[PDB]
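**Student:** Structure incoming, see below.
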Amino acid sequence: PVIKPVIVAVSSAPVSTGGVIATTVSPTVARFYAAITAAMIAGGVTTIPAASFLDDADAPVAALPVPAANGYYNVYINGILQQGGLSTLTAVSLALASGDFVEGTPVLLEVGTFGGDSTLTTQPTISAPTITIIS
Amino acid sequence: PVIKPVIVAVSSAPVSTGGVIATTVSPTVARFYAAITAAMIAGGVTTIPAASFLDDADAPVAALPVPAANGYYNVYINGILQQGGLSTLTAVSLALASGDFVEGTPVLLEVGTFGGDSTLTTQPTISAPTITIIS
Amino acid sequence: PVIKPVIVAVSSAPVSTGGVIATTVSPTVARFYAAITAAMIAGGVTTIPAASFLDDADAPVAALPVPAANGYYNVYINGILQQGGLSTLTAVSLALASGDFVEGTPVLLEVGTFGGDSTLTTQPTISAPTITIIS
Amino acid sequence: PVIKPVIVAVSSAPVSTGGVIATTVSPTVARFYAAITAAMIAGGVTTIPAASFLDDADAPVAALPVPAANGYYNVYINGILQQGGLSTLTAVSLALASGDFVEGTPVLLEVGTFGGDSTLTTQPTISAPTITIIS
Amino acid sequence: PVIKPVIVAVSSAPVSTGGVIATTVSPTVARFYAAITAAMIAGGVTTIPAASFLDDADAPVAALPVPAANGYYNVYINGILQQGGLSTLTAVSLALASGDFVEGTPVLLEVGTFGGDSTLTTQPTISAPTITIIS
Amino acid sequence: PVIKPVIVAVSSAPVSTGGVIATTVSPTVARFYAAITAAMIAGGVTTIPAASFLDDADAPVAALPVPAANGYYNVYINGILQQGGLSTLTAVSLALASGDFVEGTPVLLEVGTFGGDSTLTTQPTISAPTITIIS
Amino acid sequence: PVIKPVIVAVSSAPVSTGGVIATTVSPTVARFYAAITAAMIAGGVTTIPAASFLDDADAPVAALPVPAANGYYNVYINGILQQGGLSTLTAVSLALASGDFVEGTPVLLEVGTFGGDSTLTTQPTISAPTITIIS
Amino acid sequence: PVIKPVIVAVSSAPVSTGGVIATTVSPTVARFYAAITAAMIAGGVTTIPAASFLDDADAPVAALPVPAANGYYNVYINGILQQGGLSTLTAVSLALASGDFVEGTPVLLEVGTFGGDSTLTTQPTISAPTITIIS
Amino acid sequence: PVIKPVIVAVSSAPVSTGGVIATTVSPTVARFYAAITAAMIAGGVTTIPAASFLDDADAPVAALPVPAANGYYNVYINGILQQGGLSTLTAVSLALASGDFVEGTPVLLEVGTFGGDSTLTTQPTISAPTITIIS
C-alpha cells in the first residue's frame, strides 16, 4: 500500500507585452517598346500583338505581364498618356478602342509591379503567470 | 478546526521562439484629362477648375483627390513632365505657376495611391516556464 | 535538524492565439530637369554631368540619387520613355549610350523611392499552461 | 468417670513482612486506511462508515475498535494530526466535522490499546505467633 | 497458696502460599494546536509562548503540561515529526532550535500520559503453625 | 526416673485479609531520522541499511531497536503513516515493499517501549489462629 | 461345849509373768470428686456445697466425713497437692481460702480413717502363793 | 495305827490390778510406675499387665501386691486421682473402664500396707488370797 | 517350855482367764511446698536445702522431718508422683537424682507419721488356788 499526498495546482494565463516589426518594399518597372504601323489599323480592335514589342535593350517580346492586383500599367500614345478607356492589356495584345491613328509613331507601354517583405525583429515579452496551490 | 498544509509556488516568465509574417502591397493609379484653353487663362499663376476635367472613359470630373503622404501626383504639360515648381494641386483646381500656354495643349494629371496589409502566418511558440515548490 | 516535505512540479508549454498587423506605405517621387547641348554630346556615351541639371523649383543640382533596390527611375528624351538601353544612371551623370539628339532637347529624370513601417496593434493572447504535482 | 486436666491456650496475631511484585505492559497499535472521496462528503455530516476502509494488508474492515478507557486514537487528515473536533469515532463510522477538499486525500486512523499482567514473585514471610498457657 | 502447673509452649512461623494480582493501565493523549506567524521568527529562541495556542476543540489554552517521567511528547512541523533537536517544551513555550520557517506552517503538539491501578484479588493462603508443649 | 505429663496441642491455619498495591508506568519513545535517496532503490525490497540514518540531534546511529512484544513502531513516508504492509523493521533496515519517489523524501521512524514497576505498600493483616489443648 | 483347835493362816500375793498381745490395723481411704465451676465462685468463701460432689464410681454424696483425730484429708486442686492453708473442711463444705480460680478445674478430695483391734493371745502365768500357819 | 488330825482349808480367788501396754505402727508405701500405650486400648478392659511396669528403682516387677484388708491403693491417670470406677487391682493388671489418652501417659500406682506390734510392759499386780481354816 | 503343833501347808499356782485390749491410731501428715528454680540446678545434686520450703500456711520452715521407721514420704514433681530413685530425705535437703527440670516447676512434699496407744480395759480373772494341809 503506497500512500502519497493529494496536491493539485492551477496556472493563470500569461499576458504578452510589446513587439516591433520591420518592413521592406520592392518596386519593379518593366519597359516595352512598340512600333505600330498601318498594317494592323483596321478602324477598330487595333491590337498590337505580344510579338511586335522590343524590351529593355533589344530583345523581342513574346507575351505581356497583364497587371495583377498589385501593379499598374500605363499606355503612351505618341508619348502622351492615354486614360484606361482605350487601353486594355491582355497577354496577347493591347486593345486600343478603335482605329484612329497615323503612320508609324513611337508608342511606349509601362508596366510596374510591387512586392513587400517584413519580419519580426524585437519579439514580445511574456509576463510570468501565477500559481495557486490547492491542498 | 480544519488544518491544511501550506505550500506556495512561483512561476518564471517564458520567452518567445521566433516567428514570421507576410506582407502585400496594393498600388492604385488614376488618370485625369484636361482641355486647357485661353478662356480661363489669367497669366502668372493660372487656375484650372476641378470641373473642367474628364476622367478615364470620358466621365466628367468634380474634384481632385489631393495627394496625402501615401501617394504621388504627376503634372503633364504637352506630355513633358514639369516639376513641383509649376504644380500645386488643391481639391478645386491646379495652381499653374506658368502664365503662357497655347490654344489647347493636352495636359494630364497622374495621381497614384498606395496601400498595404499584413497578417501573422506562423505564430510564435512559447517556451515552458519553470516553477519551484516552497515548503 | 530542519525537515521539509519533498515536492516537485513541472509546467507545460503555453500556446499563443491571434495577432493583428497594420502597415503603411510611404512613396516619394523626385523630379530633376535637364537641357542637353552639343557641348557634352560626343557621338555616343553622352555623359551629361550631375552639375548640368536643374532641380524641382529651379534650385541648382548637386548629384543624382542612384536608384537602390527599393526604387525605380525613368529616363525621358523629349518626353518619350526610353528603355534601359539609353539609361545607366550613376551619381555623376547619365549613360545616354548613343548621341544623336538636337540642340536643346528637353530631357528630365524622375526618381522614386519606397519606404514603409508597421506596428503590432492587437497583441496575441497566450493560453494558460498546465501544472502537475509530483509527490 | 474419666478425669483430665483443664488447660486453655490463646494465640496472638502474626505480622507480615511484604514481598516483591513484577509487572508487564502490553501495547498494541492498530492502523486503518481510508479514502475520503466526495461520495459521502455532505458539508457537516461527512462520515465514512466501517466499510470504506482498508487494513494493514489491504483487507477490507468490518467495524472499528471504539477507544475504551484503556486506549487512544488519532485522526489524520492529509497526514496532519487533527484534534478532537474532527473525531467522533464509533463502532460503525467516524464523524468528521465538515470536510472540504478534492477527491480522496490520505486519511489514517491509529487505534492503540494497553494491557498489563503481573504476579507475586517473592511471597511475604509471616512472623511467628506467641502462645500463652492458661492453667 | 495458689500453686498451678507450669506449662510453656512455642510456635513456628507459618508459610504463605500462592497469590495473584490484577492490573489496569490508563493512557491519555492531549492535542494542542499552533498558528505560527512572523512573531515567532527571531533567529534565536523561536517560540509560541503559553496562550498563543488553540486547544482540543476551540477553547484557548494557558500553559503546557511539561512531559514528566511517565509520558512522551512529539513535535509536529508541517506534519513531519522532529526529534529532540527541536523539542525543549517547557510550561511556557516550545524552545525550537532556531528561526528558519515559513509564514503558515501547520504545527501542533501531542502530549501523552500514563497511569496504572492494580488490586489484590485472591488473597494468599497461610499454612498452619506447629505447637510444641514444654512440660 | 524422670516423669512428665503428656500434653499435645494443634493450631489452625490463619487467614489474611486484602492488601494494597501501587504501580507505575514508564513509557519511552525513540525517534530516528532518515534521508532516503536513489542509492539502493530498486522498485522492490528497498531497505535503507543500518546507519543510513540520523538520531535525535544528528548523532549517527548504529542499528535499530527491533520492536519487541512490549512496544510498537510506526513508519512515516513523507509525513503519512504506512501500515504493516511496508514495515517489517529488523535490526538492519526496513522492509519496504517498493517505493517510487524523488530523493530525500522525509522518512521517520518512531520506536516506543513501555516498562513498569510496583511495590506492596500496605501489607496484609494475619488473623489470629486457634489453639486446642489435648490432654 | 464343842472344843475346837484355834488355827489361822495367811497367804502372800502372787506375781505375774509376761504375756503376748497381737494387734491389727484397719486403714480406710474415701475418695470424693468435685467439678467446681463459675456458678459458685465468690470473693473469699469459695466452698463447694456438700452435694455438689460425686462419690466413687457415680453415686452423688450428701455430706463430708469431717476429719477426726484418727485420720487425715488431702486436697487436690488441678492435681497439685495443696496445703492446709487453702483447705478448711467441715460438714457442709470445704473452705477454699479465697476466690482466685479459673474455668472449671478438676478437683477431688481424699479422706482417710484408721482403726485398730487387738487381743490377748497368751495369758500371763501366775506364781504360786506362800502359806504359813499361825498356831 | 497312825493317827493324824483332820484339818482342811480353802482359798479365796485373788483379784488383779491394771497394767501398761505400748503399741507401734509400721507403715509401708510401695510405688509402681507404667506408661500406657495404644497397643492395649480397646474402649474397655484396658489392663496393663503385671510386667508392664518399672517399679521404684527401674527394676521391672512381676506381680502386684493387692491390698487385702490392711491397705489402700490409689490409681493415677496423668497425675489426677481417680476412684473405684476405674480402679480394681488384681494380681495381673488394673481394671480401666474404657481408657482414652496419648501414648505414654504418666500413670502411677501407690499401694500401702500397715502392720503393728505391741508388748506387755507392766505386769499386773495380784492381790493376796484369803485363807480360812476349817478344823 | 512352849509346845506347839507342827502343820505345813502348800499352795497351788492359779490360772488366769479373760482380758480385753482397746487400741487407737493417731495419723499425722506434714505438708511442705517448694518453688524450685534454675539458680541452683547443678546437674547431679540439684536438691532444695532446708529453709527453702514454704510450709502449710506459708510459714517458712527450718529443716525436714526425716522419715523414720514409722512413717512414709512422697515426692511430687509437677503433680506427678515419683519413686525411690528421686527420693531420699535428710535433715538438710532432698536427693533428686539429677538436674534435668524446667523453670519454677511446683515440687511438693508430704511427710506422714503414725503413733498409737492402748490400755487394758477389762482385767483378767484369776482362778482360786488349791491348798493342802500336811499334818
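For the C-alpha cells, the naming scheme is as follows: chains receive sequential letters (A, B, ...) according to their order of presentation, residues are indexed from 1 within each chain, and ligands are indexed from 1 in presentation order.
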Compute the set of chain E residues within 12 Å of chain G, using only C-alpha atoms, and express it as a list in words.

**Tutor:**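 Selected residues: residues 1, 2, 3, 4, 5 and 6 of chain E.
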
**Student:** Please identify all polymer residues within 8 Å of region 107-114 of chain B, counting only C-alpha atoms, omitting same-chain residues fewer than 5 positions from it, and present them as number ranges by chain.

**Tutor:** A: 81; B: 25-36, 65, 67, 70-79; C: 25-27

**Student:** Can you tell me how far CA of residue 102 (chain G) sits from CA of residue 9 (chain F), in Å to one decimal?

**Tutor:**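 Distance between the two atoms: 19.8 Å.
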
**Student:** Pick out the residues sitting within 7 Å of region 122-135 of chain C, and hand them over as a ChimeraX atom specification; count only C-alpha atoms, and ignore anything fewer than 4 positions along from it in its own chain.

**Tutor:** /A:4-5,7-16 /C:7-20

**Student:** Please produce an output containing N, CA, C and O atoms for each residue in the selection, written as a compact mmCIF listing (two decimals), in the first residue's frame.

**Tutor:**
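Final file, selection-v6.txt:
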# COMPACT_ATOMS: atom_id res chain seq x y z
N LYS A 4 0.48 8.61 -1.01
CA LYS A 4 1.10 9.88 -1.34
C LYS A 4 0.10 11.00 -1.09
O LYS A 4 -1.11 10.79 -1.20
N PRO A 5 0.58 12.20 -0.75
CA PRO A 5 -0.33 13.33 -0.56
C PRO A 5 -1.01 13.72 -1.86
O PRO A 5 -0.46 13.56 -2.95
N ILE A 7 -2.16 16.72 -3.85
CA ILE A 7 -1.99 18.15 -4.04
C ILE A 7 -2.23 18.48 -5.51
O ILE A 7 -1.71 17.79 -6.39
N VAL A 8 -3.02 19.51 -5.77
CA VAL A 8 -3.28 19.98 -7.12
C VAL A 8 -3.03 21.48 -7.17
O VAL A 8 -3.14 22.19 -6.16
N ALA A 9 -2.69 21.97 -8.36
CA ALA A 9 -2.42 23.39 -8.56
C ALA A 9 -2.83 23.78 -9.97
O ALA A 9 -2.75 22.97 -10.89
N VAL A 10 -3.26 25.03 -10.12
CA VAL A 10 -3.70 25.55 -11.41
C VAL A 10 -2.82 26.72 -11.80
O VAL A 10 -2.17 27.36 -10.97
N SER A 11 -2.81 27.02 -13.10
CA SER A 11 -1.99 28.07 -13.66
C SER A 11 -2.87 29.15 -14.27
O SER A 11 -3.98 28.89 -14.73
N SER A 12 -2.35 30.38 -14.27
CA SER A 12 -3.05 31.51 -14.85
C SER A 12 -2.64 31.66 -16.32
O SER A 12 -1.82 30.90 -16.84
N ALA A 13 -3.20 32.66 -16.99
CA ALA A 13 -2.89 32.92 -18.39
C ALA A 13 -1.93 34.09 -18.50
O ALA A 13 -2.29 35.22 -18.12
N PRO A 14 -0.71 33.89 -18.98
CA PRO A 14 0.24 35.00 -19.10
C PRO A 14 -0.20 35.99 -20.16
O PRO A 14 -0.97 35.68 -21.08
N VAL A 15 0.30 37.22 -20.02
CA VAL A 15 -0.04 38.33 -20.90
C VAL A 15 1.23 38.81 -21.59
O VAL A 15 2.25 39.04 -20.93
N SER A 16 1.16 38.96 -22.91
CA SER A 16 2.30 39.40 -23.70
C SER A 16 2.39 40.92 -23.71
O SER A 16 1.40 41.63 -23.55
N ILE C 7 8.55 18.02 -2.62
CA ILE C 7 7.54 18.10 -3.67
C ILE C 7 8.15 18.83 -4.86
O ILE C 7 8.80 19.86 -4.70
N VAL C 8 7.94 18.28 -6.06
CA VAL C 8 8.38 18.90 -7.30
C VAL C 8 7.21 18.96 -8.26
O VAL C 8 6.27 18.16 -8.18
N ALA C 9 7.25 19.93 -9.16
CA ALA C 9 6.18 20.14 -10.13
C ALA C 9 6.76 20.68 -11.42
O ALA C 9 7.71 21.46 -11.41
N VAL C 10 6.18 20.25 -12.54
CA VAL C 10 6.66 20.62 -13.87
C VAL C 10 5.54 21.34 -14.62
O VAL C 10 4.37 20.95 -14.53
N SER C 11 5.90 22.39 -15.34
CA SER C 11 4.96 23.19 -16.11
C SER C 11 4.97 22.76 -17.57
O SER C 11 5.94 22.18 -18.06
N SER C 12 3.87 23.06 -18.26
CA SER C 12 3.74 22.74 -19.67
C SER C 12 4.20 23.93 -20.51
O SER C 12 4.77 24.90 -20.00
N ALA C 13 3.95 23.87 -21.82
CA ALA C 13 4.33 24.94 -22.74
C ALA C 13 3.09 25.67 -23.21
O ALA C 13 2.22 25.05 -23.84
N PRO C 14 2.96 26.97 -22.95
CA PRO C 14 1.77 27.70 -23.38
C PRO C 14 1.72 27.85 -24.90
O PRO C 14 2.73 27.72 -25.60
N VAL C 15 0.52 28.14 -25.39
CA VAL C 15 0.26 28.29 -26.82
C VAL C 15 -0.33 29.67 -27.07
O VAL C 15 -1.19 30.13 -26.30
N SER C 16 0.13 30.33 -28.13
CA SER C 16 -0.33 31.66 -28.49
C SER C 16 -1.50 31.59 -29.47
O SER C 16 -1.64 30.63 -30.23
N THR C 17 -2.34 32.63 -29.43
CA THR C 17 -3.53 32.70 -30.27
C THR C 17 -3.69 34.13 -30.78
O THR C 17 -3.54 35.08 -30.02
N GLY C 18 -4.00 34.26 -32.07
CA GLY C 18 -4.31 35.55 -32.66
C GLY C 18 -3.09 36.37 -33.07
O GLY C 18 -1.95 35.90 -33.07
N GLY C 19 -3.36 37.61 -33.43
CA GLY C 19 -2.34 38.55 -33.86
C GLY C 19 -2.84 39.40 -35.02
O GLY C 19 -3.45 38.92 -35.97
N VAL C 20 -2.58 40.70 -34.93
CA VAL C 20 -3.02 41.68 -35.92
C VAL C 20 -1.86 42.61 -36.24
O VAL C 20 -1.15 43.07 -35.34

**Student:** Can you tell me, as a PyMOL selection string, which residues in region 19-81 of chain D count as strand (DSSP E or B) by DSSP?

**Tutor:** chain D and resi 20-36+47-49+53-54+71-77+80-81

**Student:** Could you save those same residues with N, CA and C atoms as a compact mmCIF listing (two decimals), in the first residue's frame?

**Tutor:**
# COMPACT_ATOMS: atom_id res chain seq x y z
N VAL D 20 7.74 -8.79 46.79
CA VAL D 20 8.15 -8.10 45.57
C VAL D 20 7.17 -8.43 44.46
N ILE D 21 6.80 -7.41 43.68
CA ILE D 21 5.85 -7.55 42.58
C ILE D 21 6.55 -7.23 41.27
N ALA D 22 6.34 -8.07 40.26
CA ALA D 22 6.85 -7.85 38.92
C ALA D 22 5.69 -7.59 37.97
N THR D 23 5.86 -6.61 37.09
CA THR D 23 4.78 -6.14 36.23
C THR D 23 5.21 -6.16 34.77
N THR D 24 4.23 -6.35 33.89
CA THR D 24 4.44 -6.31 32.45
C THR D 24 3.39 -5.41 31.81
N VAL D 25 3.78 -4.78 30.71
CA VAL D 25 2.90 -3.88 29.96
C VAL D 25 2.87 -4.33 28.51
N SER D 26 1.66 -4.49 27.97
CA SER D 26 1.49 -4.98 26.60
C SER D 26 0.82 -3.92 25.74
N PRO D 27 1.55 -3.24 24.86
CA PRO D 27 0.92 -2.29 23.95
C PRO D 27 0.52 -2.94 22.63
N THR D 28 -0.41 -2.28 21.95
CA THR D 28 -0.87 -2.75 20.65
C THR D 28 -1.41 -1.56 19.86
N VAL D 29 -0.92 -1.39 18.64
CA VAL D 29 -1.30 -0.27 17.78
C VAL D 29 -1.93 -0.83 16.52
N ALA D 30 -3.15 -0.39 16.22
CA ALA D 30 -3.87 -0.81 15.03
C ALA D 30 -3.96 0.34 14.03
N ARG D 31 -3.70 0.03 12.77
CA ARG D 31 -3.67 1.02 11.70
C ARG D 31 -4.72 0.69 10.66
N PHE D 32 -5.50 1.69 10.27
CA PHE D 32 -6.56 1.52 9.29
C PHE D 32 -6.48 2.63 8.25
N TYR D 33 -6.62 2.25 6.99
CA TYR D 33 -6.56 3.17 5.86
C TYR D 33 -7.95 3.68 5.50
N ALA D 34 -7.97 4.78 4.74
CA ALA D 34 -9.22 5.40 4.34
C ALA D 34 -9.02 6.10 3.00
N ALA D 35 -10.14 6.37 2.33
CA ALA D 35 -10.17 7.10 1.06
C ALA D 35 -11.42 7.98 1.07
N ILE D 36 -11.25 9.23 1.50
CA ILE D 36 -12.36 10.17 1.65
C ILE D 36 -12.65 10.92 0.36
N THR D 47 -18.95 11.62 6.79
CA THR D 47 -18.72 10.49 7.69
C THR D 47 -18.55 9.23 6.83
N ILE D 48 -17.42 8.56 7.00
CA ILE D 48 -17.18 7.30 6.29
C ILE D 48 -17.58 6.14 7.19
N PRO D 49 -18.41 5.22 6.72
CA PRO D 49 -18.80 4.07 7.55
C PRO D 49 -17.65 3.09 7.69
N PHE D 53 -12.86 1.34 4.26
CA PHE D 53 -11.58 1.32 4.95
C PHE D 53 -10.77 0.11 4.50
N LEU D 54 -9.47 0.30 4.36
CA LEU D 54 -8.54 -0.80 4.16
C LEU D 54 -7.93 -1.19 5.50
N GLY D 71 -7.24 3.05 26.05
CA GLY D 71 -6.72 3.23 24.70
C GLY D 71 -6.90 4.65 24.23
N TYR D 72 -6.32 4.93 23.07
CA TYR D 72 -6.38 6.26 22.47
C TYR D 72 -6.39 6.10 20.96
N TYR D 73 -6.91 7.12 20.28
CA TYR D 73 -6.98 7.13 18.83
C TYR D 73 -6.69 8.53 18.31
N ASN D 74 -6.06 8.60 17.14
CA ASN D 74 -5.77 9.86 16.47
C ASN D 74 -6.36 9.83 15.07
N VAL D 75 -6.82 10.99 14.61
CA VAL D 75 -7.39 11.15 13.28
C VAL D 75 -6.44 11.98 12.44
N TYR D 76 -6.03 11.42 11.30
CA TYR D 76 -5.11 12.08 10.38
C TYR D 76 -5.87 12.52 9.14
N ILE D 77 -5.69 13.78 8.75
CA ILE D 77 -6.21 14.30 7.50
C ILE D 77 -5.04 14.88 6.72
N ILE D 80 -1.76 15.19 8.71
CA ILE D 80 -1.63 16.18 9.77
C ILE D 80 -2.51 15.75 10.93
N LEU D 81 -1.94 15.71 12.13
CA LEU D 81 -2.72 15.36 13.31
C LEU D 81 -3.89 16.31 13.45

**Student:** So how many Å separate CA of residue 56 (chain A) and CA of residue 96 (chain C), to one decimal?

**Tutor:**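 Going from CA of residue 56 (chain A) over to CA of residue 96 (chain C), I get 13.8 Å.
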